[PDB]
Amino acid sequence: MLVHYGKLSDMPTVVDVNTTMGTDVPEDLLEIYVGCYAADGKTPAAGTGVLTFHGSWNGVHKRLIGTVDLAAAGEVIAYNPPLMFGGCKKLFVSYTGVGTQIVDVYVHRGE
Amino acid sequence: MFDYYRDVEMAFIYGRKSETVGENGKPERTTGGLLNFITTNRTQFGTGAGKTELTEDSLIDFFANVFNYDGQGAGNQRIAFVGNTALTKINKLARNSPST
């Protein structure tokens with residue numbers, strides 16, 4: 001449930017969040033966790049950038065999910081993770097920051 | 001003799017090709033191990049960057065990849081040598097699936 005580790009510029013422009021889990025019933029829960037680090041990858045710290053996520057049921061029509069600011073990201077988070085109910089096959093992520101930070105992105109899905 | 005055979009086994013698995021001049025001035029060679037030649041299908045299972053998340057689907061893909069080329073293998077048969085912990089973990093993972 002980890003999408004990408006490392007450079008913000010290296011965040012994929014499109015992410016496949018369609019998952020075959022449990023039975024043939026599609027998943028109906030989507031939650032995103034974002035964790036920022038310091039200059040060193042291991043030690044955690046804050047960040048300046050802001051992340052925005054969009055989801056598409058058909059891959060071309062996007063629906064707003066939420067936004068996360070790396071300023072609140074740290075050892076103890078203060079923001080609220082984005083939450084969406086419905087069917088999503090693709091995830092669109094856009095960053096607005098200086099870049100060159102090691103970041104964590106996690107996607108959690110539920111039946 | 002047991003030590004000899006254990007050393008031969010470990011060399012065949014983890015050896016690497018080399019050729020170097022020995023102390024007496026004569027060549028010294030080391031054989032290339034099994035893992036030296038297998039490069040197409042090498043997978044590191046785990047969490048983090050550079051590793052593959054361990055699930056049933058990943059295991060099925062890993063095991064079905066080797067059957068892509070029949071090659072010289074007759075009857076479509078393969079031999080698997082696995083550790084006890086890995087086999088037990090596979091047995092545990094097969095339980096959660098609605099169909100094993």
# chains A, B, ... in the order shown; residues from 1 in each chain; ligands from 1
>>> interface_residues(of="chain A", to="chain B", cutoff="12 Å", atoms="only C-alpha atoms", output="VMD selection string")
chain A and resid 1 to 6 19 to 24 41 to 42 102 to 106
>>> residues_around(residues="stretch 61-69 of chain A", least_positions_apart="5", cutoff="7 Å", atoms="only C-alpha atoms", output="PDB file with C-alpha atoms, in the first residue's frame")
ATOM      1  CA  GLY A  49       4.847  21.652  -0.360  1.00  0.00           C
ATOM      2  CA  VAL A  50       1.130  20.955  -0.695  1.00  0.00           C
ATOM      3  CA  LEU A  51      -0.339  17.808  -2.265  1.00  0.00           C
ATOM      4  CA  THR A  52      -3.692  17.574  -4.058  1.00  0.00           C
ATOM      5  CA  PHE A  53      -5.402  14.311  -5.024  1.00  0.00           C
ATOM      6  CA  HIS A  54      -8.138  13.594  -7.561  1.00  0.00           C
ATOM      7  CA  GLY A  55      -9.912  10.343  -8.368  1.00  0.00           C
ATOM      8  CA  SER A  56     -11.630   9.077 -11.500  1.00  0.00           C
ATOM      9  CA  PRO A  82      -8.563  12.431   2.813  1.00  0.00           C
ATOM     10  CA  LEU A  83     -11.545  10.076   2.775  1.00  0.00           C
ATOM     11  CA  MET A  84     -13.750   9.108  -0.177  1.00  0.00           C
TER      12      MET A  84
END
>>> select_by_dssp(residues="chain B", states="strand (DSSP E or B)", output="list in words")
residues 18, 19, 20, 21, 27, 28, 29, 30, 45 and 52 of chain B
>>> atom_distance(atom1="atom CA of residue A:81", atom2="atom CA of residue B:55")
25.1 Å
>>> residues_around(residues="stretch 16-23 of chain B", least_positions_apart="3", cutoff="9 Å", atoms="only C-alpha atoms", output="ChimeraX atom specification")
/B:11-12,26-36
>>> write_last_selection(atoms="N, CA and C atoms", output="PDB file, in the first residue's frame")
ATOM      1  N   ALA B  11      29.042 -22.661  -2.528  1.00  0.00           N
ATOM      2  CA  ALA B  11      29.732 -22.076  -3.671  1.00  0.00           C
ATOM      3  C   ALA B  11      28.855 -22.100  -4.914  1.00  0.00           C
ATOM      4  N   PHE B  12      28.160 -23.214  -5.156  1.00  0.00           N
ATOM      5  CA  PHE B  12      27.298 -23.287  -6.329  1.00  0.00           C
ATOM      6  C   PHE B  12      26.156 -22.288  -6.246  1.00  0.00           C
ATOM      7  N   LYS B  26      50.572 -18.532 -10.062  1.00  0.00           N
ATOM      8  CA  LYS B  26      49.746 -19.315 -10.958  1.00  0.00           C
ATOM      9  C   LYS B  26      48.286 -18.888 -10.841  1.00  0.00           C
ATOM     10  N   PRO B  27      47.491 -19.061 -11.897  1.00  0.00           N
ATOM     11  CA  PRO B  27      46.115 -18.553 -11.872  1.00  0.00           C
ATOM     12  C   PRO B  27      45.271 -19.224 -10.799  1.00  0.00           C
ATOM     13  N   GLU B  28      44.371 -18.440 -10.209  1.00  0.00           N
ATOM     14  CA  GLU B  28      43.379 -18.934  -9.264  1.00  0.00           C
ATOM     15  C   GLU B  28      42.000 -18.508  -9.741  1.00  0.00           C
ATOM     16  N   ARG B  29      41.107 -19.479  -9.908  1.00  0.00           N
ATOM     17  CA  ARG B  29      39.790 -19.240 -10.474  1.00  0.00           C
ATOM     18  C   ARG B  29      38.705 -19.619  -9.478  1.00  0.00           C
ATOM     19  N   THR B  30      37.600 -18.881  -9.525  1.00  0.00           N
ATOM     20  CA  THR B  30      36.419 -19.164  -8.722  1.00  0.00           C
ATOM     21  C   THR B  30      35.224 -19.327  -9.648  1.00  0.00           C
ATOM     22  N   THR B  31      34.421 -20.356  -9.404  1.00  0.00           N
ATOM     23  CA  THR B  31      33.286 -20.636 -10.265  1.00  0.00           C
ATOM     24  C   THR B  31      32.178 -19.609 -10.055  1.00  0.00           C
ATOM     25  N   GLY B  32      31.334 -19.467 -11.075  1.00  0.00           N
ATOM     26  CA  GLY B  32      30.188 -18.582 -10.995  1.00  0.00           C
ATOM     27  C   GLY B  32      28.980 -19.328 -10.471  1.00  0.00           C
ATOM     28  N   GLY B  33      28.353 -18.767  -9.446  1.00  0.00           N
ATOM     29  CA  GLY B  33      27.281 -19.455  -8.763  1.00  0.00           C
ATOM     30  C   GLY B  33      25.980 -19.449  -9.531  1.00  0.00           C
ATOM     31  N   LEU B  34      24.991 -20.132  -8.956  1.00  0.00           N
ATOM     32  CA  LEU B  34      23.674 -20.199  -9.577  1.00  0.00           C
ATOM     33  C   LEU B  34      23.026 -18.824  -9.659  1.00  0.00           C
ATOM     34  N   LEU B  35      23.124 -18.037  -8.588  1.00  0.00           N
ATOM     35  CA  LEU B  35      22.508 -16.716  -8.571  1.00  0.00           C
ATOM     36  C   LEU B  35      23.192 -15.757  -9.536  1.00  0.00           C
ATOM     37  N   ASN B  36      24.408 -16.078  -9.979  1.00  0.00           N
ATOM     38  CA  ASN B  36      25.083 -15.256 -10.978  1.00  0.00           C
ATOM     39  C   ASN B  36      24.347 -15.284 -12.311  1.00  0.00           C
TER      40      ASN B  36
END
>>> residues_around(residues="residue A:86", least_positions_apart="2", cutoff="7 Å", atoms="only C-alpha atoms", output="MDAnalysis selection string")
chainID A and resid 28:29 84 88
>>> write_last_selection(atoms="C-alpha atoms", output="compact mmCIF listing (two decimals), in the first residue's frame")
# COMPACT_ATOMS: atom_id res chain seq x y z
CA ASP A 28 -15.81 1.32 -1.39
CA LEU A 29 -13.30 3.09 0.89
CA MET A 84 -13.75 9.11 -0.18
CA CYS A 88 -12.22 4.79 -8.06
>>> residues_around(residues="residue A:73", least_positions_apart="5", cutoff="6 Å", atoms="only C-alpha atoms", output="count of residues only")
3
>>> residues_around(residues="residue A:90", least_positions_apart="6", cutoff="8 Å", atoms="only C-alpha atoms", output="PyMOL selection string")
chain A and resi 14-18+55-59
>>> residues_around(residues="residue B:41", least_positions_apart="6", cutoff="12 Å", atoms="only C-alpha atoms", output="list in words")
residues 35, 61, 62, 63, 64, 65, 66, 67 and 68 of chain B
>>> write_last_selection(atoms="N, CA and C atoms", output="CSV table (one decimal), in the first residue's frame")
chain,number,residue,atom,x,y,z
B,35,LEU,N,23.1,-18.0,-8.6
B,35,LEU,CA,22.5,-16.7,-8.6
B,35,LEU,C,23.2,-15.8,-9.5
B,61,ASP,N,2.0,-14.4,-9.5
B,61,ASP,CA,2.8,-13.9,-10.6
B,61,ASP,C,4.2,-14.4,-10.6
B,62,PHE,N,4.8,-14.4,-9.5
B,62,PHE,CA,6.2,-14.9,-9.4
B,62,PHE,C,6.3,-16.3,-9.8
B,63,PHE,N,5.4,-17.2,-9.4
B,63,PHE,CA,5.5,-18.6,-9.7
B,63,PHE,C,5.1,-18.8,-11.2
B,64,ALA,N,4.2,-18.0,-11.7
B,64,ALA,CA,3.8,-18.2,-13.1
B,64,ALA,C,4.7,-17.6,-14.1
B,65,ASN,N,5.6,-16.7,-13.7
B,65,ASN,CA,6.6,-16.1,-14.6
B,65,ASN,C,7.5,-17.2,-15.2
B,66,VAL,N,7.9,-18.2,-14.4
B,66,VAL,CA,9.0,-19.1,-14.9
B,66,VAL,C,8.4,-20.0,-16.0
B,67,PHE,N,7.1,-20.1,-16.2
B,67,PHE,CA,6.5,-21.0,-17.2
B,67,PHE,C,6.4,-20.3,-18.5
B,68,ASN,N,6.9,-19.1,-18.7
B,68,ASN,CA,6.7,-18.4,-19.9
B,68,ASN,C,7.3,-19.1,-21.1
>>> atom_distance(atom1="atom CA of residue B:13", atom2="atom CA of residue B:56")
26.7 Å
>>> decode(residues="stretch 54-76 of chain A", atoms="N, CA and C atoms", output="mmCIF file, in the first residue's frame")
data_model
loop_
_atom_site.group_PDB
_atom_site.id
_atom_site.type_symbol
_atom_site.label_atom_id
_atom_site.label_comp_id
_atom_site.auth_asym_id
_atom_site.auth_seq_id
_atom_site.Cartn_x
_atom_site.Cartn_y
_atom_site.Cartn_z
ATOM 1 N N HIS A 54 -6.883 13.717 -6.839
ATOM 2 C CA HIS A 54 -8.138 13.594 -7.561
ATOM 3 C C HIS A 54 -8.334 12.145 -7.984
ATOM 4 N N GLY A 55 -9.584 11.716 -8.018
ATOM 5 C CA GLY A 55 -9.912 10.343 -8.368
ATOM 6 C C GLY A 55 -10.920 10.279 -9.492
ATOM 7 N N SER A 56 -10.768 9.268 -10.344
ATOM 8 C CA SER A 56 -11.630 9.077 -11.500
ATOM 9 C C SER A 56 -12.218 7.676 -11.481
ATOM 10 N N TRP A 57 -13.537 7.586 -11.675
ATOM 11 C CA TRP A 57 -14.173 6.280 -11.795
ATOM 12 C C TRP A 57 -13.943 5.674 -13.172
ATOM 13 N N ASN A 58 -13.838 6.511 -14.204
ATOM 14 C CA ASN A 58 -13.658 6.038 -15.568
ATOM 15 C C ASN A 58 -12.314 6.411 -16.176
ATOM 16 N N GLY A 59 -11.442 7.081 -15.423
ATOM 17 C CA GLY A 59 -10.117 7.408 -15.892
ATOM 18 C C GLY A 59 -9.986 8.732 -16.613
ATOM 19 N N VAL A 60 -11.090 9.412 -16.910
ATOM 20 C CA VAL A 60 -11.026 10.715 -17.560
ATOM 21 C C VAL A 60 -11.805 11.794 -16.822
ATOM 22 N N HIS A 61 -12.801 11.446 -16.015
ATOM 23 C CA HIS A 61 -13.559 12.416 -15.236
ATOM 24 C C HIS A 61 -13.074 12.380 -13.796
ATOM 25 N N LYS A 62 -12.512 13.493 -13.337
ATOM 26 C CA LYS A 62 -11.878 13.575 -12.030
ATOM 27 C C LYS A 62 -12.848 14.144 -11.006
ATOM 28 N N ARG A 63 -12.707 13.694 -9.764
ATOM 29 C CA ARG A 63 -13.498 14.179 -8.643
ATOM 30 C C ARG A 63 -12.561 14.523 -7.495
ATOM 31 N N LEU A 64 -12.761 15.693 -6.896
ATOM 32 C CA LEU A 64 -11.860 16.158 -5.848
ATOM 33 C C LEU A 64 -11.969 15.281 -4.609
ATOM 34 N N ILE A 65 -10.821 14.883 -4.073
ATOM 35 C CA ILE A 65 -10.758 14.051 -2.878
ATOM 36 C C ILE A 65 -10.326 14.852 -1.661
ATOM 37 N N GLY A 66 -9.221 15.581 -1.772
ATOM 38 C CA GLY A 66 -8.748 16.383 -0.662
ATOM 39 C C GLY A 66 -7.353 16.907 -0.933
ATOM 40 N N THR A 67 -6.807 17.583 0.075
ATOM 41 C CA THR A 67 -5.474 18.159 -0.007
ATOM 42 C C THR A 67 -4.756 17.973 1.320
ATOM 43 N N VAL A 68 -3.435 17.834 1.250
ATOM 44 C CA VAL A 68 -2.591 17.664 2.424
ATOM 45 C C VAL A 68 -1.424 18.633 2.321
ATOM 46 N N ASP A 69 -1.151 19.346 3.408
ATOM 47 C CA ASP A 69 -0.028 20.270 3.479
ATOM 48 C C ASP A 69 1.116 19.610 4.238
ATOM 49 N N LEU A 70 2.299 19.594 3.623
ATOM 50 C CA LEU A 70 3.454 18.959 4.246
ATOM 51 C C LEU A 70 3.929 19.702 5.486
ATOM 52 N N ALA A 71 3.435 20.919 5.716
ATOM 53 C CA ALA A 71 3.779 21.634 6.939
ATOM 54 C C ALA A 71 3.286 20.886 8.171
ATOM 55 N N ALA A 72 2.061 20.358 8.114
ATOM 56 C CA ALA A 72 1.531 19.603 9.243
ATOM 57 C C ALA A 72 2.177 18.228 9.342
ATOM 58 N N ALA A 73 2.733 17.734 8.239
ATOM 59 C CA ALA A 73 3.372 16.425 8.243
ATOM 60 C C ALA A 73 4.584 16.426 9.163
ATOM 61 N N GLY A 74 4.742 15.347 9.916
ATOM 62 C CA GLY A 74 5.838 15.251 10.856
ATOM 63 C C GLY A 74 5.753 13.964 11.641
ATOM 64 N N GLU A 75 6.444 13.946 12.782
ATOM 65 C CA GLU A 75 6.385 12.776 13.651
ATOM 66 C C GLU A 75 4.972 12.552 14.172
ATOM 67 N N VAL A 76 4.299 13.620 14.581
ATOM 68 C CA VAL A 76 2.901 13.573 14.992
ATOM 69 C C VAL A 76 2.116 14.458 14.035
#
